[PDB]
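Peer 1: Structure file input-v9.pdb (PDB, C-alpha atoms (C1' of nucleotides) and all ligand atoms) is given on the next line.
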MODEL        1
ATOM      1  CA  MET E   1       0.000   0.000   0.000
ATOM      2  CA  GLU E   2       1.771   3.107  -1.281
ATOM      3  CA  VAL E   3       1.044   6.155   0.880
ATOM      4  CA  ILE E   4       2.622   9.574   1.387
ATOM      5  CA  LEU E   5       3.000  11.034   4.861
ATOM      6  CA  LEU E   6       1.419  14.102   6.437
ATOM      7  CA  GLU E   7       3.207  13.960   9.796
ATOM      8  CA  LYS E   8       6.553  12.200  10.382
ATOM      9  CA  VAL E   9       6.446   8.730  11.933
ATOM     10  CA  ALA E  10       9.192   7.399  14.180
ATOM     11  CA  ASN E  11      10.669   4.694  11.945
ATOM     12  CA  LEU E  12       9.816   5.512   8.316
ATOM     13  CA  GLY E  13       8.750   9.166   8.497
ATOM     14  CA  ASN E  14      10.109  11.383   5.730
ATOM     15  CA  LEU E  15       6.909  13.486   5.455
ATOM     16  CA  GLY E  16       6.072  12.766   1.837
ATOM     17  CA  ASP E  17       8.106   9.704   0.905
ATOM     18  CA  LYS E  18       6.710   6.815  -1.128
ATOM     19  CA  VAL E  19       6.525   4.303   1.730
ATOM     20  CA  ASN E  20       5.338   0.733   1.164
ATOM     21  CA  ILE E  21       3.568  -0.530   4.288
ATOM     22  CA  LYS E  22       1.305  -3.374   5.328
ATOM     23  CA  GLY E  23      -2.378  -2.778   4.688
ATOM     24  CA  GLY E  24      -3.077  -2.991   8.412
ATOM     25  CA  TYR E  25      -0.622  -0.222   9.275
ATOM     26  CA  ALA E  26      -2.842   2.027   7.217
ATOM     27  CA  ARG E  27      -6.631   1.598   7.374
ATOM     28  CA  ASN E  28      -6.331   1.094  11.135
ATOM     29  CA  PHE E  29      -3.665   3.515  12.369
ATOM     30  CA  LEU E  30      -2.379   6.069   9.864
ATOM     31  CA  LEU E  31      -5.386   7.056   7.753
ATOM     32  CA  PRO E  32      -7.949   7.192  10.639
ATOM     33  CA  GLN E  33      -5.811   9.209  13.053
ATOM     34  CA  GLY E  34      -4.109  11.085  10.215
ATOM     35  CA  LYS E  35      -0.391  10.589   9.700
ATOM     36  CA  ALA E  36      -0.295   9.749   5.968
ATOM     37  CA  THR E  37      -2.506   9.452   2.897
ATOM     38  CA  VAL E  38      -2.791   6.985   0.021
ATOM     39  CA  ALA E  39      -0.941   7.994  -3.147
ATOM     40  CA  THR E  40      -3.734   8.178  -5.739
ATOM     41  CA  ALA E  41      -1.534   9.603  -8.555
ATOM     42  CA  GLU E  42      -3.019  13.014  -7.637
ATOM     43  CA  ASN E  43      -2.525  13.273  -3.860
ATOM     44  CA  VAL E  44       1.206  13.411  -4.585
ATOM     45  CA  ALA E  45       0.382  16.083  -7.171
ATOM     46  CA  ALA E  46      -1.609  18.005  -4.549
ATOM     47  CA  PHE E  47       1.009  17.334  -1.857
ATOM     48  CA  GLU E  48       3.535  19.662  -3.508
ATOM     49  CA  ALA E  49       0.756  22.261  -3.823
ATOM     50  CA  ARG E  50       0.460  22.163  -0.015
ATOM     51  CA  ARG E  51       3.924  21.081   1.188
ATOM     52  CA  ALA E  52       5.271  24.644   1.287
ATOM     53  CA  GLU E  53       2.467  25.818   3.590
ATOM     54  CA  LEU E  54       2.443  22.662   5.739
ATOM     55  CA  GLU E  55       6.080  21.903   6.619
ATOM     56  CA  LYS E  56       6.449  25.427   8.002
ATOM     57  CA  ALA E  57       3.366  24.750  10.128
ATOM     58  CA  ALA E  58       4.772  21.359  11.146
ATOM     59  CA  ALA E  59       7.865  23.132  12.464
ATOM     60  CA  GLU E  60       5.620  25.714  14.146
ATOM     61  CA  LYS E  61       3.657  23.078  16.072
ATOM     62  CA  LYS E  62       6.978  21.375  16.797
ATOM     63  CA  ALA E  63       8.419  24.730  17.886
ATOM     64  CA  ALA E  64       5.534  25.288  20.304
ATOM     65  CA  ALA E  65       6.088  21.752  21.602
ATOM     66  CA  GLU E  66       9.592  22.422  22.937
ATOM     67  CA  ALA E  67       8.510  25.841  24.225
ATOM     68  CA  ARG E  68       5.681  24.290  26.246
ATOM     69  CA  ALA E  69       7.807  21.291  27.246
ATOM     70  CA  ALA E  70      10.557  23.548  28.621
ATOM     71  CA  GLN E  71       8.320  26.253  30.121
ATOM     72  CA  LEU E  72       6.620  23.860  32.569
ATOM     73  CA  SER E  73       9.557  21.524  33.235
ATOM     74  CA  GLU E  74      10.061  22.889  36.777
ATOM     75  CA  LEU E  75       6.628  22.343  38.362
ATOM     76  CA  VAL E  76       6.328  20.349  41.591
ATOM     77  CA  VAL E  77       2.529  20.639  41.554
ATOM     78  CA  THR E  78       1.016  18.536  44.341
ATOM     79  CA  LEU E  79      -2.478  17.068  44.536
ATOM     80  CA  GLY E  80      -4.710  17.846  47.493
ATOM     81  CA  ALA E  81      -6.618  14.575  47.295
ATOM     82  CA  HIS E  82      -6.812  12.233  50.268
ATOM     83  CA  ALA E  83      -4.077   9.595  50.262
ATOM     84  CA  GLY E  84      -3.079   6.591  52.341
ATOM     85  CA  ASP E  85       0.616   6.380  51.490
ATOM     86  CA  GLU E  86       3.205   7.963  49.199
ATOM     87  CA  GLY E  87       2.602   5.511  46.350
ATOM     88  CA  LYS E  88      -0.385   3.642  47.841
ATOM     89  CA  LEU E  89      -3.231   6.158  48.096
ATOM     90  CA  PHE E  90      -6.979   5.891  48.602
ATOM     91  CA  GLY E  91      -7.620   6.889  44.984
ATOM     92  CA  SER E  92      -5.467   6.282  41.908
ATOM     93  CA  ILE E  93      -2.119   7.968  41.215
ATOM     94  CA  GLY E  94      -2.169   7.834  37.425
ATOM     95  CA  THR E  95      -2.618   9.864  34.255
ATOM     96  CA  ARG E  96      -6.394   9.965  34.599
ATOM     97  CA  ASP E  97      -7.074  13.132  36.612
ATOM     98  CA  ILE E  98      -3.803  15.130  36.671
ATOM     99  CA  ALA E  99      -4.952  17.334  33.776
ATOM    100  CA  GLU E 100      -6.483  19.934  36.097
ATOM    101  CA  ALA E 101      -3.421  19.727  38.359
ATOM    102  CA  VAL E 102      -1.112  21.047  35.632
ATOM    103  CA  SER E 103      -3.737  23.239  33.942
ATOM    104  CA  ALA E 104      -4.208  25.331  37.096
ATOM    105  CA  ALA E 105      -0.546  26.465  37.006
ATOM    106  CA  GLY E 106       0.078  27.183  33.336
ATOM    107  CA  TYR E 107      -0.732  25.425  30.081
ATOM    108  CA  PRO E 108      -3.755  23.085  29.990
ATOM    109  CA  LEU E 109      -1.427  20.197  29.047
ATOM    110  CA  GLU E 110      -3.980  17.874  27.475
ATOM    111  CA  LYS E 111      -3.070  14.317  28.442
ATOM    112  CA  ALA E 112      -2.647  12.070  25.410
ATOM    113  CA  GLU E 113       0.979  10.941  25.656
ATOM    114  CA  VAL E 114       1.954  11.495  29.306
ATOM    115  CA  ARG E 115       3.655   8.113  29.593
ATOM    116  CA  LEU E 116       3.236   6.223  32.872
ATOM    117  CA  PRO E 117       3.049   2.418  32.340
ATOM    118  CA  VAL E 129       6.740  11.192  34.735
ATOM    119  CA  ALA E 130       8.104  11.487  31.190
ATOM    120  CA  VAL E 131       5.510  13.536  29.309
ATOM    121  CA  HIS E 132       5.660  13.108  25.527
ATOM    122  CA  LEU E 133       4.371  15.693  23.051
ATOM    123  CA  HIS E 134       6.260  15.154  19.766
ATOM    124  CA  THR E 135       8.528  12.627  18.078
ATOM    125  CA  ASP E 136      11.719  14.531  18.962
ATOM    126  CA  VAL E 137      10.344  16.396  22.014
ATOM    127  CA  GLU E 138       9.978  14.806  25.451
ATOM    128  CA  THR E 139      10.261  16.169  28.994
ATOM    129  CA  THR E 140      11.122  14.277  32.184
ATOM    130  CA  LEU E 141       8.644  15.889  34.550
ATOM    131  CA  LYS E 142       8.723  14.849  38.209
ATOM    132  CA  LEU E 143       5.498  14.681  40.234
ATOM    133  CA  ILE E 144       5.482  14.858  44.044
ATOM    134  CA  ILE E 145       2.369  13.911  46.029
ATOM    135  CA  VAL E 146       1.897  14.558  49.749
ATOM    136  CA  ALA E 147       0.445  11.691  51.781
TER     137      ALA E 147
ATOM    138  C1'   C Y   1     -73.664 -94.085   7.431
ATOM    139  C1'   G Y   2     -69.866 -98.248   9.623
ATOM    140  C1'   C Y   3     -65.754-101.350   8.496
ATOM    141  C1'   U Y   4     -61.532-103.214   5.714
ATOM    142  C1'   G Y   5     -58.728-101.874   1.730
ATOM    143  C1'   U Y   6     -57.205 -98.334  -2.164
ATOM    144  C1'   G Y   7     -55.548 -93.738  -3.073
ATOM    145  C1'   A Y   8     -51.342 -86.791  -3.530
ATOM    146  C1'   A Y   9     -49.408 -91.972   1.212
ATOM    147  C1'   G Y  10     -54.983 -91.008   7.762
ATOM    148  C1'   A Y  11     -61.994 -91.370   2.800
ATOM    149  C1'   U Y  12     -69.498 -89.447   4.069
ATOM    150  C1'   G Y  13     -68.326 -89.532  -1.530
ATOM    151  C1'   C Y  14     -63.307 -94.801  -4.696
ATOM    152  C1'   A Y  15     -63.655-100.733  -4.331
ATOM    153  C1'   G Y  16     -65.751-104.630  -1.642
ATOM    154  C1'   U Y  17     -68.857-105.389   2.127
ATOM    155  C1'   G Y  18     -72.071-104.530   6.381
ATOM    156  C1'   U Y  19     -75.879-101.768   8.361
ATOM    157  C1'   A Y  20     -79.692 -98.648   7.672
ATOM    158  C1'   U Y  21     -88.111 -96.473   7.236
ATOM    159  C1'   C Y  22     -88.906 -90.372   6.862
ATOM    160  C1'   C Y  23     -88.255 -85.703  10.106
ATOM    161  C1'   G Y  24     -87.382 -82.995  14.777
ATOM    162  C1'   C Y  25     -86.007 -81.597  20.018
ATOM    163  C1'   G Y  26     -82.708 -81.723  24.424
ATOM    164  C1'   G Y  27     -77.711 -83.004  25.313
ATOM    165  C1'   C Y  28     -72.048 -84.414  24.307
ATOM    166  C1'   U Y  29     -67.818 -82.895  21.556
ATOM    167  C1'   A Y  30     -64.719 -88.316  18.396
ATOM    168  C1'   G Y  31     -64.317 -86.631  13.109
ATOM    169  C1'   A Y  32     -65.658 -83.352   9.132
ATOM    170  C1'   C Y  33     -56.888 -82.898   8.725
ATOM    171  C1'   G Y  34     -63.883 -78.437  12.148
ATOM    172  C1'   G Y  35     -64.008 -71.902  12.208
ATOM    173  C1'   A Y  36     -60.811 -67.797  12.962
ATOM    174  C1'   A Y  37     -55.408 -65.125  11.175
ATOM    175  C1'   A Y  38     -51.952 -65.815   2.664
ATOM    176  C1'   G Y  39     -47.358 -69.939  10.046
ATOM    177  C1'   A Y  40     -44.812 -66.158  13.826
ATOM    178  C1'   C Y  41     -41.059 -71.877  14.012
ATOM    179  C1'   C Y  42     -37.832 -73.584   9.664
ATOM    180  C1'   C Y  43     -35.852 -72.507   4.843
ATOM    181  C1'   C Y  44     -35.658 -69.258   0.574
ATOM    182  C1'   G Y  45     -35.633 -63.751  -1.870
ATOM    183  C1'   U Y  46     -28.689 -61.289  -4.879
ATOM    184  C1'   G Y  47     -36.482 -58.680   0.480
ATOM    185  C1'   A Y  48     -36.970 -54.760   4.613
ATOM    186  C1'   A Y  49     -36.164 -52.596   9.105
ATOM    187  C1'   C Y  50     -33.715 -51.346  13.466
ATOM    188  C1'   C Y  51     -29.231 -52.554  16.441
ATOM    189  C1'   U Y  52     -23.583 -53.437  16.935
ATOM    190  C1'   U Y  53     -18.472 -53.169  15.783
ATOM    191  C1'   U Y  54     -11.073 -52.670  15.483
ATOM    192  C1'   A Y  55     -16.737 -54.586   8.180
ATOM    193  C1'   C Y  56     -16.402 -50.774   3.922
ATOM    194  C1'   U Y  57     -17.138 -45.937   2.329
ATOM    195  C1'   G Y  58     -18.560 -41.461   4.143
ATOM    196  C1'   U Y  59     -20.002 -37.614   7.624
ATOM    197  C1'   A Y  60     -21.751 -33.827  12.111
ATOM    198  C1'   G Y  61     -18.720 -32.333  15.828
ATOM    199  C1'   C Y  62     -13.752 -31.715  18.058
ATOM    200  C1'   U Y  63      -8.715 -30.772  16.789
ATOM    201  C1'   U Y  64      -3.731 -29.310  13.435
ATOM    202  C1'   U Y  65      -1.407 -26.010  10.301
ATOM    203  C1'   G Y  66      -1.371 -22.386   5.644
ATOM    204  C1'   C Y  67      -3.731 -18.008   3.706
ATOM    205  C1'   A Y  68      -7.307 -13.637   4.938
ATOM    206  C1'   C Y  69      -9.228 -10.357   8.514
ATOM    207  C1'   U Y  70      -3.829  -8.929  10.732
ATOM    208  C1'   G Y  71      -0.511  -4.072  12.724
ATOM    209  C1'   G Y  72       4.228  -1.283  15.076
ATOM    210  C1'   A Y  73       8.858  -2.216  17.611
ATOM    211  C1'   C Y  74      12.925  -4.857  19.911
ATOM    212  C1'   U Y  75      15.520  -9.169  20.184
ATOM    213  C1'   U Y  76      17.589 -15.533  19.278
ATOM    214  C1'   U Y  77      17.496 -17.132  13.685
ATOM    215  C1'   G Y  78      20.059 -18.798   6.265
ATOM    216  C1'   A Y  79      21.392 -16.920   1.687
ATOM    217  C1'   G Y  80      22.467 -12.354  -1.147
TER     218        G Y  80
HETATM  219 MG    MG V 201     -58.541 -95.562   5.638
HETATM  220 MG    MG V 202     -70.562 -78.676  25.094
HETATM  221 MG    MG V 203     -58.667 -75.414  10.639
HETATM  222 MG    MG V 204     -47.567 -68.206   3.822
ENDMDL
END
Here is the file; what I need is its structure written in the form of structure tokens.
Ligand SMILES: [Mg+2]
Ligand SMILES: [Mg+2]
Ligand SMILES: [Mg+2]
Ligand SMILES: [Mg+2]

Peer 2:
Amino acid sequence: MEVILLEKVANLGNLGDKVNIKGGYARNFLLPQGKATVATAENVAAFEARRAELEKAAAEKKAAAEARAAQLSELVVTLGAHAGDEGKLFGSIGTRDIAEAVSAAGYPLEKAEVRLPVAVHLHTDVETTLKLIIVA
RNA sequence: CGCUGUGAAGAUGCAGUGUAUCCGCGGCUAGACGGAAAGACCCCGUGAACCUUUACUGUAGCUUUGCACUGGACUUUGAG
């Protein structure tokens, strides 16, 4: 399945390269979310008609990513929820309700890639090692 | 009608012979191979059915792997 990219993917992302991928990589991940588009012999024609105005935007969203990742890299924001122990609380210490904790002291910081299986991820080449402290 | 023979081989009907007027009624069941059911036993039909199994050939189901749905990455794995 020949597709051309819109955003850059981690392994094969050249943002417009003729990439041959399994049919399940597209149709289930890339096309629905939006990270690429099928080459229909005209999408590539219309990609150059929009590449000039899109790669500058892609840098701009990337530029805002590092600015936001570095602006709020020194917060020690603490929750006021009831807890039983530092690590074993009455609720759940996870990326489910901390959105309002960081939004009240700066950027909203919508939680989509705050990895915690506190390194928050926001772009392919941008990642911040935030540290969360909770009083218990 | 009986008897003795004969006879598809156990006779009311054939032969010989004996007995015996015609016709009921109440009884009895020895025979009419008495009535009833195209013997069920037995054998046969290149008949049926249902049942069994390590009869044959199949098959539901269960199970194995290939391919599709079906993808990313990292690692132990041959030749270019
Ligand atoms: Mg006689
Ligand atoms: Mg009587
Ligand atoms: Mg009779
Ligand atoms: Mg008969």

Peer 1: Return as a ChimeraX atom specification the set of residues that the PyMOL selection byres (((not hetatm)) within 10 of (chain V and resi 203)) yields on the displayed structure.

Peer 2: /Y:33-36

Peer 1: Report, in Å to a single decimal, how far apart atom CA of residue 36 of chain E and atom CA of residue 8 of chain E are.

Peer 2: 8.5 Å

Peer 1: Compute the chain E side of the contact with chain Y at 8 Å, counting only C-alpha atoms (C1' of nucleotides), and hand it back as a CSV table (one decimal) with C-alpha atoms, in the frame of the given file.

Peer 2:
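Contents of part-v7.csv, freshly written:
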chain,number,residue,atom,x,y,z
E,22,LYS,CA,1.3,-3.4,5.3
E,24,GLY,CA,-3.1,-3.0,8.4
E,25,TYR,CA,-0.6,-0.2,9.3
E,28,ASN,CA,-6.3,1.1,11.1

Peer 1: Using only C-alpha atoms (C1' of nucleotides) and all ligand atoms, can you tell me which of Y:38, Y:74, Y:68, Y:46 comes closest to ligand MG 204 (chain V)?

Peer 2: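 Ranking Y:38, Y:74, Y:68, Y:46 by distance to ligand MG 204 (chain V), first place goes to Y:38.
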
Peer 1: Please identify all protein, DNA and RNA residues within 12 Å of ligand MG 202 (chain V), counting all atoms listed in the file, and report them as a PyMOL selection string.

Peer 2: chain Y and resi 27-29

Peer 1: Each residue of chain Y lying at most 12 Å from ligand MG 204 (chain V) should get a row with its shortest atom-to-atom pair and the distance in Å to one decimal, counting only C-alpha atoms (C1' of nucleotides) and all ligand atoms; could you produce that, ordered by chain and increasing number, as CSV?

Peer 2:
residue,atom,partner,partner_atom,distance
Y:37,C1',V:MG204,MG,11.2
Y:38,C1',V:MG204,MG,5.1
Y:39,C1',V:MG204,MG,6.5
Y:40,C1',V:MG204,MG,10.6

Peer 1: Take the residues just selected and output them with C-alpha atoms (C1' of nucleotides) as a PDB file, in the coordinates of the input.

Peer 2:
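Writing the result to again-v8.pdb gives the following:
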ATOM      1  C1'   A Y  37     -55.408 -65.125  11.175  1.00  0.00           C
ATOM      2  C1'   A Y  38     -51.952 -65.815   2.664  1.00  0.00           C
ATOM      3  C1'   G Y  39     -47.358 -69.939  10.046  1.00  0.00           C
ATOM      4  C1'   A Y  40     -44.812 -66.158  13.826  1.00  0.00           C
TER       5        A Y  40
END

Peer 1: Y:13, Y:61, Y:5, Y:78: which is nearest ligand MG 201 (chain V), counting only C-alpha atoms (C1' of nucleotides) and all ligand atoms?

Peer 2: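 Of the candidates, the smallest distance to ligand MG 201 (chain V) is held by Y:5.
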
Peer 1: Name the residues captured by the PyMOL selection byres (((chain E and resi 76-81) around 10) and not hetatm) when it is applied to the shown file; answer as number ranges by chain.

Peer 2: E: 72-75, 82-83, 89-93, 97-98, 100-102, 104-105, 141-147

Peer 1: Quick one: residues within 9 Å of ligand MG 201 (chain V), with all atoms listed in the file, as a PDB file with C-alpha atoms (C1' of nucleotides), keeping the file's coordinate frame?

Peer 2:
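For reference, result34.pdb as written:
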ATOM      1  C1'   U Y   4     -61.532-103.214   5.714  1.00  0.00           C
ATOM      2  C1'   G Y   5     -58.728-101.874   1.730  1.00  0.00           C
ATOM      3  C1'   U Y   6     -57.205 -98.334  -2.164  1.00  0.00           C
ATOM      4  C1'   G Y  10     -54.983 -91.008   7.762  1.00  0.00           C
ATOM      5  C1'   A Y  11     -61.994 -91.370   2.800  1.00  0.00           C
TER       6        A Y  11
END

Peer 1: Could you tell me how far atom CA of residue 59 of chain E lies from atom CA of residue 26 of chain E, in Å and to one decimal?

Peer 2: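 Going from atom CA of residue 59 of chain E over to atom CA of residue 26 of chain E, I get 24.2 Å.
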
Peer 1: To one decimal place, how far is atom CA of residue 131 of chain E from atom CA of residue 62 of chain E in Å?

Peer 2: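 Value for the atom CA of residue 131 of chain E-atom CA of residue 62 of chain E distance: 14.8 Å.
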
Peer 1: Taking all atoms listed in the file into account, name the residue in E:140, E:95, E:16, E:86 that is nearest to residue 46 of chain E.

Peer 2: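 Checking each candidate against residue 46 of chain E, we get E:16 as the closest.
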
Peer 1: Excluding residue 136 of chain E and any residue of its chain fewer than 2 positions from it, enumerate the residues within 9 Å of it, using all atoms listed in the file, and give them as a count of residues only.

Peer 2: 5
